[PDB]
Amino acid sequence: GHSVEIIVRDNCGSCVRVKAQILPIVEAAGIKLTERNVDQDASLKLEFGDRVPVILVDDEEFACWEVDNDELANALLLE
């Protein structure tokens, strides 16, 4: 089994979208997703504030991020 936690902040559309994207996968694993907010726990603002939202798997920051290749292509075809 694994634990999964998302670290979010207030007024964070990216936080809400990432949560909605991962919920089916976490639920398929039989896991309860936990959520902590850097605007409530300053210890977390200090540790993670520069890169929220963060996903923790087994209480370790988990690298499950990819570049949007269409947004990257769009930037490169602009003058």
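Counting begins at 1, following the sequence as shown.
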Query raised in the report: Going by the entry, which third of its chain does the Cα temperature factor of residue 60 land in?
Result: highest
Query raised in the report: Against its chain's modelled residues, does residue 69's Cα B factor rank lowest, middle or highest third?
Result: lowest
Report task. Check where residue 38 lands among this chain's C-alpha B-factors and tell me if it's the lowest, middle or highest third. Result -> highest
Report summary line: Assert third(CA B-factor, residue 52) within chain per record equals lowest
Query raised in the report: Of the three thirds of its chain by CA temperature factor, lowest, middle or highest, which one includes residue 26?
Result: lowest
